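Two versions of one and the same chain are coming, encoded as structure tokens; call them structure 1 and structure 2.
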Structure 1
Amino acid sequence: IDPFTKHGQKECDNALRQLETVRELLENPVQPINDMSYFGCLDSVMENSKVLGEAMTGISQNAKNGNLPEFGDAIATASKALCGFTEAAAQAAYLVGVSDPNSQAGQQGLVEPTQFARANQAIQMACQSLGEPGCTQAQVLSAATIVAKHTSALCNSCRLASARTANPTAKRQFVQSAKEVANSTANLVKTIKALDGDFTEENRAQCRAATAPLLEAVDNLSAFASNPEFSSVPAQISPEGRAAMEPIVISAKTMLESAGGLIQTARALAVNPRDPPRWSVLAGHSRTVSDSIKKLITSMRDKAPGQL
């Protein structure tokens, strides 16, 4: 296969993978998707529906006329607009479903807690680099200093954890934790400078020593943070909330499903556009993608007065 057609067909396959990933946003929205306000979602849906409508014209025109570079560009643009659209729709659907008097908003966990696997991995990596013969001076230094930036950011998380937990026993572990990590992390930073100034076996032994109190401090924290009452609590959306969000949610799903059929079918037409059955299939998908977006827009506008 010639590389231009391969490239065009790869654009479509990358687009279909992207739609599959983004569709998950619609499965159970029980947390905000992003930080848009309701009108921000509506504004984004409006903007994406113009970008999409143009890209859809470009997908059919360029597959018909054989312009493969522009076809693959229009498929990429369509994809980014559909992903945009879905992020805005899923966020709007969440905002609607939680706003019902019988629903309770989602609560985000106090810490990450991926931030803690990542810190502990940095430490293990720095220990291996400090210990094992296979690293340059510069490289032992980077692996030590990357530990400092994880643990330093763990201090900001403690702070925000305490200065928002209500629960005081936790608030105090998080204030205390911040100090232990800050004190251990300052200690490590000190050893790293002494090392990047005189690169001896004993200064290397000092940085190594400095990681144990630090790692213990990240372990008292990393372990204690992911207790219960600290994991995010999903929204509890009432039957009425669910029914109110449903037209947004189903129209966005139906949009994505028919967009996938439009792209899959375009992927074949770009190689051979003399195919009336596939143009008819594409047109069917295209009409559904357009009807879906109209419904979604209508549904978002019907509810928008509540968000003023």
Structure 2
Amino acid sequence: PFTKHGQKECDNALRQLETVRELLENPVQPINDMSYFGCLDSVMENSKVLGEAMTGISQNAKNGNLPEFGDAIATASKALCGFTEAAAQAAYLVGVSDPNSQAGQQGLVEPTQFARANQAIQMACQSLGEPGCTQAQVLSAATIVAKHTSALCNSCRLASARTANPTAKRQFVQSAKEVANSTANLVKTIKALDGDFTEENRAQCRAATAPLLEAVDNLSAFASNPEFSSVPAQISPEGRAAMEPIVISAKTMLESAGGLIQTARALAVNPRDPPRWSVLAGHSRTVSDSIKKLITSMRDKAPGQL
């Protein structure tokens, strides 16, 4: 059961590495807010962390300290994800830096989290509309409503401030009021329901979901227009060539790190295995070499970002 805990951390790490790998597939948008030297500082610090973690991975697999082994694996996985985000961000910056490249444009609204809120509010309201809805369900649905309506109104305020489209500016403000007003009206019915859980107050609360659903639905429809969505960067062939050394080095790091974790997973179960210790050393060196090439590639281009 203790080794099973270590194996599970390995499987979690491997899952995260495959997820973060997608950042390197086609960097046509920024990953975060980091500048170029921000990315470089990030990779350097994650290098120190990863180096320490990889020492802990081997040492604790050998000595059979499975709790410390799992922690070293998780630490390594986090550093590798940090590496990849910085590398993918730096590669994007390099690609769009090219004179014949065009940078991406972030949308007025984060695309899916708007549908996420719409769905969460729809299903919260669905619960409030059910004849069998219990008092605890009113409370849980109310927390869902409050969380996502607050987010929706914040996104409306921000989207309105960013857009140059006058119609969109007014619509986002109008939708924010519609959501705020309908939500407040629903919260009013919920408070009355709490003080007196009558059939009238139950029907009143149920009825108050409809104006909220309509507002959130009209808003989701309007905000899903492609005009308001992000535009991917158009990176020139020269930009692609320039960013490729960073990309392939980060890709090679993730691949070799996967082998290292898979090998360590087996060694945690049975460390008495000289062949696998050699395989682990092979993966470790390839991880280290990949990082070296990544830092080298990024340092080569650093003077152009001073």
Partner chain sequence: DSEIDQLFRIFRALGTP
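For numbering, take structure 1's sequence and count from 1. We call the rigid core whatever largest set of C-alpha positions still superposes within 1.5 Å between the two forms.
Working note: structure 2 is the copy from the form solved in complex with the partner chain; the remaining copy is not.
Once the core is superposed between structures 1 and 2, every option in 105, 76, 83, 182 stays below 2 Å in C-alpha shift except 182. Comparing the forms between structures 1 and 2, the C-alpha position of residue 218 differs by 2 angstroms or more, with the core used for superposition. A movement of the C-alpha atom of residue 147 reaching 2 angstroms or beyond is seen between structures 1 and 2 when the two forms are aligned on their rigid core. Here residue 124 counts as shifted, since its C-alpha moves by at least 2 Å between structures 1 and 2 after the core is aligned. After superposition on the rigid core, the Cα atom of residue 228 is displaced by 3.7 Å between structures 1 and 2. After superposing on the rigid core, the C-alpha of residue 194 is displaced by 8.1 Å between structures 1 and 2. Taking the core as the reference frame, the CA atom of residue 299 shifts 0.6 angstrom between structures 1 and 2.
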